[PDB]
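Read top to bottom, the protein sequences are chains F, H and E. So the number in PDB author numbering is just where the residue sits in the first sequence, counting from 1, plus 488. So the number in PDB author numbering is just where the residue sits in the second sequence, counting from 1, plus 49. So the number in PDB author numbering is just where the residue sits in the third sequence, counting from 1, plus 147. Ideal Cβ placement from N, Cα and C applies to all residues, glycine included.
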Amino acid sequence: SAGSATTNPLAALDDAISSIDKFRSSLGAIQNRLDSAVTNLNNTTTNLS
Amino acid sequence: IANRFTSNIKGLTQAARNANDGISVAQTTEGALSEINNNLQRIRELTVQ
Amino acid sequence: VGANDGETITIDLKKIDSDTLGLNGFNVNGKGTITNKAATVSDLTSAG
């Protein structure tokens with residue numbers, strides 16, 4: 489069914505951008521912790537060897 | 050914050066362009082009005098005669 | 148004029164023509180106030 493012009497376009501666009509930014513921030517945090525895990529694993533491997 | 054600033058900068062630039070368009074509209078209307086005023090002045094002179 | 152919603156400036160336009168300035172029957176070549184002729188018996192009876 490046909491509709492009409494969106495009442496508040498800029499607010500919706502801001503919400504979409506905010507969701508994208510939150511996802512990117514979470515992904516970056518996970519990647520940083522993964523790199524720290526890699527470093528710790530390398531150190532532990534060297535010591536155990 | 051960089052994404053927010055980019056959004057603000059682009060929006061403000063486009064808004065400046067829109068304001069320039071509004072100025073153009075006002076200029077055109079005022080020119081037409083000036084011509085109408087000249088015609089009215091001539092009509093009044095004719096009536097005085 | 149702004150980057151968010153609601154930042155607007157309104158320009159008001161007016162319908163400018165003869166009708167909104169009067170001047171419609173601007174009949175300056177007319178006759179103006181004219182004295183009417185006196186009545187008589189013929190049109191007195193014509194009125195009934």
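Straight-line gap, residue i to residue j (C-alpha atoms, nearest Å)
{"i": "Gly172(E)", "j": "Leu160(E)", "result": "25 Å"}
{"i": "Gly195(E)", "j": "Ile181(E)", "result": "26 Å"}
{"i": "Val175(E)", "j": "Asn86(H)", "result": "20 Å"}
{"i": "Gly516(F)", "j": "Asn530(F)", "result": "21 Å"}
{"i": "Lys510(F)", "j": "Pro497(F)", "result": "20 Å"}
{"i": "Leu168(E)", "j": "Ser73(H)", "result": "26 Å"}
{"i": "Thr527(F)", "j": "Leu536(F)", "result": "14 Å"}
{"i": "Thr494(F)", "j": "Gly153(E)", "result": "14 Å"}
{"i": "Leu191(E)", "j": "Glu84(H)", "result": "55 Å"}
{"i": "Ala185(E)", "j": "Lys178(E)", "result": "19 Å"}
{"i": "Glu94(H)", "j": "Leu170(E)", "result": "15 Å"}
{"i": "residue 20(H)", "j": "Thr62(H)", "result": "Residue coverage of chain H in this structure runs from 50 to 98, which leaves residue 20(H) outside it and unanswerable."}
{"i": "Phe54(H)", "j": "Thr533(F)", "result": "45 Å"}
{"i": "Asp523(F)", "j": "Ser492(F)", "result": "49 Å"}
{"i": "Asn520(F)", "j": "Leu501(F)", "result": "29 Å"}
Selection from the options that minimises the alpha carbon distance to residue i
{"i": "residue 8(H)", "options": "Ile181(E), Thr155(E), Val188(E), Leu191(E)", "result": "Here chain H covers residues 50 to 98 and nothing more, so residue 8(H) does not appear."}
{"i": "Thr157(E)", "options": "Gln98(H), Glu94(H), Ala68(H)", "result": "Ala68(H)"}
{"i": "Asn52(H)", "options": "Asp503(F), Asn496(F), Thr533(F), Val526(F)", "result": "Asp503(F)"}
{"i": "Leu82(H)", "options": "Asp152(E), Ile163(E), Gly153(E), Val148(E)", "result": "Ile163(E)"}
{"i": "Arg66(H)", "options": "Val148(E), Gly177(E), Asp152(E)", "result": "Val148(E)"}
{"i": "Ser165(E)", "options": "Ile92(H), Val97(H), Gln98(H)", "result": "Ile92(H)"}
Nearest-angstrom beta carbon gap, residue j and residue i [assumed within contact, 8 Å]
{"i": "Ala150(E)", "j": "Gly60(H)", "result": "3 Å"}
{"i": "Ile505(F)", "j": "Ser56(H)", "result": "7 Å"}
Heavy atom of the ligand SAM within 8 Å of residue i beta-carbon
{"i": "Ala499(F)", "result": "Annotation note on the ligand SAM: not contained in the displayed structure, which lists no ligands."}
Interface flag, residue i vs chain C, CB-CB below 9 Å
{"i": "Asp502(F)", "result": "Protein chains F, H and E are contained in the structure displayed, whereas chain C is not."}
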